[PDB]
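# Structural overview
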2 protein chains.
Amino acid sequence: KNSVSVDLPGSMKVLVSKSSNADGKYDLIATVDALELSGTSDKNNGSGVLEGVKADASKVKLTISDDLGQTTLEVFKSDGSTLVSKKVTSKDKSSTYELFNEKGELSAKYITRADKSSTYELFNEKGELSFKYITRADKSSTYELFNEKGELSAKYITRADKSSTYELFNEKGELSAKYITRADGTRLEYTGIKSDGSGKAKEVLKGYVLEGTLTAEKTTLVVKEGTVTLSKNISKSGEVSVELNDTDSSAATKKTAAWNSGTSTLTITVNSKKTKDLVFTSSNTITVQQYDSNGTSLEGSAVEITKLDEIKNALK
Amino acid sequence: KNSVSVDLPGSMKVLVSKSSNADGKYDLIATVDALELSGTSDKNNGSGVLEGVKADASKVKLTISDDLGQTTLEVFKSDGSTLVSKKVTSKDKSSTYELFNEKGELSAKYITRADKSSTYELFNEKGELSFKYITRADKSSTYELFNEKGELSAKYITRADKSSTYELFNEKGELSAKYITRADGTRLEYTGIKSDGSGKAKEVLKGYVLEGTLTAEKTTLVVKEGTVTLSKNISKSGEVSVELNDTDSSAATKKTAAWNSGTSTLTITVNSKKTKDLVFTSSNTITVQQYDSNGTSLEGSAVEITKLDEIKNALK
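Residues numbered from 1 in each chain as written, not as in the entry; some residues may be left out. Chains lettered and ligands numbered in written order. Heavy atoms only, no water.

## Points about the pattern of salt bridges
Quick note on the threshold: For this analysis, a salt bridge means a side-chain nitrogen from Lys or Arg found within 4 Å of a carboxyl oxygen belonging to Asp or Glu. Counting from the N terminus, the helices are DSSP H or I runs at least four residues long and the strands are E runs at least two residues long. For the exposure calls, accessible area comes from a 1.4 Å probe over protein chains only, and a residue counts as buried if that area is under 20% of its type's maximum, exposed if over 50%, partly exposed in between.
A complete count under the given rule lists 27 salt bridges over all chains for this structure. The closest approach of N and O atoms between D33 of chain A and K54 of chain A, which form a salt bridge, is 3.0 Å. One end of the pair, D33 of chain A, is in the loop between β3 (26-32) and β4 (35-41); the other, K54 of chain A, is in the loop between β5 (48-53) and β6 (59-64), with 21 residues separating them in the sequence. Measuring nitrogen to oxygen at the nearest pair gives 2.7 Å for the salt bridge that ties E211 of chain A to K54 of chain B. Of this pair, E211 of chain A sits in strand β19 (residues 209-214) while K54 of chain B sits in the loop between β5 (48-53) and β6 (59-64), on two different chains. A residue is classified by how much of its surface remains accessible, and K54 of chain B, at 15% relative accessible area, is buried.

And the structure:
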């Protein structure tokens, strides 16, 4: 009887007999699940086919490749044809796992790649994808809900940075709404999104919200006070730029502004003097600081804005 | 320009003038998104109705009850009657939030209670529930997926201790499969579940698996060695108990056993001597420890079983 043993992909062990049988082949034994499997092989390395029959007549089949590079574990009904499950594991620790219904067709499928990223897919009665979960190397997680046409109904994404994205889709599976919650709890909300990617935009900050529009390229959020319009643009990416336009025609009172991307600061000028800096911080806040009477140096300290009225006051 | 701030349920604030008007009424100002609402009231306490119209002609209405006990915030389309959103909040910290699609019909409903027990519901075009998310006070999360017709097809529960339950339901709404993953990664798997609650059971432990049956009253997992049958029962209510029968008729060799539910221990006897204790531990492991030749005291130390063959050896 007793000889040596061999580790296999998927945390299984096979015992391989010393000495050959009547065909010059080696006996193989492995206990997998609650079942002792047995087989014979050409080789003495632990590769080959082992089989067993469970108490309920299910047929089990473990196939170990010649180089020990992979294992396939199949469970069939009495038939020996219709699958119950199928697990293919690589020496990577990478693996596929398929679960079948009593028709012998795919109910669910789990994949994990070498880099630790994985998919779970749940199929329905119609052999159609109902839900899907995807994990990537960047430690993001995606949850996808499908309608009875296999189009997206909803999608939820969580990221490493602690932010999330929740997407809702219309009857045709086109994106209709998108809600982005930043790590800090501030939000960008897009609604009424059309087939060209245009829509309504809202940014939810601490103490106030900005509203505006979405287009293919950018998000433009707008604050208006009298003749002055302030626009905060947020890139197709995630980049902030800011501009100001004043329809005031009098050179004594007309506001203009310069944007400095490097410092995230809009500097307002009136009548050839700088009047204030608006800083758009990495904390998703806005600060305001006034210049001195020469429009030369900054005066006092920057003040954090806490409501929309204060932005408007700064634009007067 | 001479008001007081009044804090309102749903984390809002309202400004009230303490000076009357051409009706004996007071002025109300509040900001919701980037919209200034206004209204007037009999009362000077911050209660009443505030309204506003957005740039896109959306109608906004804030209703504050007389005792400041409840706020209702409604957003309507330009027609002033089809709902875009509706948020009802009580001072009890409880809230309901309803979101409607471009259509004007209920898309999503979010209910929060005082303890943070909250329910999120997502509806399809047919007015039917597609998905539900329920969090409780105990830190547990439930995810419910519904079919076309809007009845449960899959349910995923996560508890505080990192354990989970995953349930799959058939076309008829009946539970067909159920997978319990314990905090420590051991699993109970129930498959082919019939209309009477009976089915196939598998317990997946560290290093081995046990199989058996599910009936309405219990799960019975069995290991057989020679004439000996060991049965691990897991009751409807989750209580583990253990039994052994030996068909051997000789007093010299027949195993009998006693189960002590207080110590989670099966003591085996042969020929009037205790031979070993099998402990079924809180970590979902089995240990084995032999008695001395008197059957009086345990010898050595308890040994953790790691493979099915070791259970069978203990039964020899």
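## Section: the nonpolar core
Defined as follows: To qualify as a nonpolar core, a set must consist of buried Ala, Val, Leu, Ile, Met, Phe, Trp, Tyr and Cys residues joined through side-chain atoms within 4.5 Å. By the convention used here, residues are in contact when the closest approach between their heavy atoms is within 4.5 Å.
With 27 residues, the main nonpolar core has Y208, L210, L266, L278, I311 and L315 of chain A as its most contacted residues. Residue contributions to this core peak at 4 residues, all from helix α1 (residues 308-315) of chain A. Excluding anything up to four places from it in sequence, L278 of chain A contacts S264, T265, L266, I268, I286, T287, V288 and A314 of chain A. Within the second largest apolar cluster, 26 residues are counted, among which are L266, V288, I305 and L308 of chain B.

## Let's talk about unusual backbone geometry
A negative phi angle characterises most non-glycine residues, just as the trans form characterises most peptide bonds. All names here are of chain A. A positive phi angle is found at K93, which is not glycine, with a value near 85°. Position of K93 among the secondary structure elements: in the loop between β8 (83-90) and β9 (95-100). The class of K93 is exposed, set by a relative accessible area of 73%.

## Observations regarding the sheet that holds strand β26 (residues 286-290) of chain A
Residue and element names in this part refer to chain A. Here is the rule: Note on pairing: DSSP must find at least two bridges between two strands before they are called paired.
Judged by pairing direction, the sheet is antiparallel, and its 5 strands sit side by side in the order β23-β24-β25-β26-β27 without closing on themselves. Of all strands in the sheet, those with a lone pairing partner are β23 (255-260) and β27 (303-304), marking the two edges. Where β23 meets strand β24 (residues 265-270), 6 bridges bridge the pair, whose relative direction is antiparallel. Opposite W259, over in β24, you have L266 as the bridge partner.

## Thoughts on the pairing of strand β13 (residues 141-146) of chain B
All names here are of chain B. For β13, the buried fraction is high: 5 of the 6 residues fall into the buried class. In this sheet, β13 lies alongside strand β12 (residues 129-135) in antiparallel orientation, the contact comprising 5 bridges. Residue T135 lies in a different strand from β13, and its bridge partner there is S141. In textbook terms, the turn of a hairpin is the stretch between consecutive antiparallel strands, and for β12 and β13 this stretch comprises 5 residues, one of which, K139, has a positive phi near 80°. For β13 and strand β14 (residues 152-158), the ladder comprises 6 bridges, and the chain directions are antiparallel. Bridge pairing in β14 links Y143 to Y156. Between β13 and the antiparallel strand that follows it, β14, lie 5 residues; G150 among them carries a positive phi value of about 95°.

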